[PDB]
Amino acid sequence: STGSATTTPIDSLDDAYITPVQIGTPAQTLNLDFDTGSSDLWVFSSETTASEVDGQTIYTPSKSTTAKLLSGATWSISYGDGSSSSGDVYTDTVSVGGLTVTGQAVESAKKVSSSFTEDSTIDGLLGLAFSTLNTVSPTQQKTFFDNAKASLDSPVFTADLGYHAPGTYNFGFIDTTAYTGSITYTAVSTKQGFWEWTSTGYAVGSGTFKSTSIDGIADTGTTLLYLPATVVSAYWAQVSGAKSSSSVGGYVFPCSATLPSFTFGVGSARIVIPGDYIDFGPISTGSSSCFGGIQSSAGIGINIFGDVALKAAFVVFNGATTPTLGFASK
């Protein structure tokens, strides 16, 4: 089997991407944030505290003939940005882009934090990291990808995110028309439950490439590119007027600037992030200070190749017995 679904930016800045997902019978279509940095499939639901729902589409398990309470199971998750959610669990049929999993754990939110409530376009998350991170207790549950794997033509999924445009998540096949040149594969460590890999270095603009190992995670659920302070300082030093602002919470730059590209290494290959991908616009409406798309990972504890980086590539998440990651230009 295979699946193919379009993923669409939620706003003009590509702050996140939503992908339609069919849950239950008859289908209830919710727009979920596919997140390769977590491993829970959770949704706004008929059980979500009413004051914490503001415009989201909800899953109502009582209206699904295939929903079953997973008795005794609860979940609770906290994300890197300090957001959180929790609730109980149903199993139901879940389909993404024509690919159907029966008996998928669908985690129903009873509570969500304010950032989720305020995001009217995101109806929940679909985790695509390794199932060892799944938060369901007392019986940990598998991700959609792990449940689908056996049925897939090939045990892979791919992320092809657009810059200010829709893109695609495919399951079970590699679309050889979706990228240019070759795919370069690189080793993955699953020790922390993430798609963790080591970049071979970076360049700023037309500068020379610096060979240096940068361990980090491929995370579709993180907006920006978070890298070591040394790397990030070298980047922003090439933008006149750029500075790190503790009041704003990161590097800002004059909106009048033209940003240089940023290149990262994947083995001997190179992925180029155009300067425009690094512009996240005015810090507040009408401001001439703009927020940068490359930020320091210092104090996160991990480097994160988020959407800024991933959208510059066609990315293969290879879930074979020994997982790997592949990157191609596009």
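Our numbering is plain: 1 for the first residue shown, then up by one each step along the chain.
Positions of Cβ are set from backbone N, Cα and C atoms, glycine also.
The feature active site is assigned by Swiss-Prot to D35, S199. The disulfide bond annotation in Swiss-Prot covers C255-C290. According to Swiss-Prot, the feature domain 'Peptidase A1' maps to 17-328, an assignment based on sequence analysis.
Overlay of Swiss-Prot annotations on the structure.
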| residue | record | DSSP (3 states) |
| --- | --- | --- |
| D35 | active site | strand |
| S199 | active site | strand |
| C255 | disulfide bond | coil |
| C290 | disulfide bond | strand |
Densest Cβ neighbourhood among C255, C290 (disulfide-bonded residues), 10 Å radius: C290
Number of Cβ atoms other than its own within 10 Å, given for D35 (active site): 21
Between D35 (active site) and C255 (disulfide bond), the C-alpha gap once rounded to whole angstrom: 30
Cα-to-Cα gap, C290 (disulfide bond) vs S199 (active site), nearest whole Å: 27
Protein Cβ atoms within 10 Å of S199 (active site), excluding its own: 22
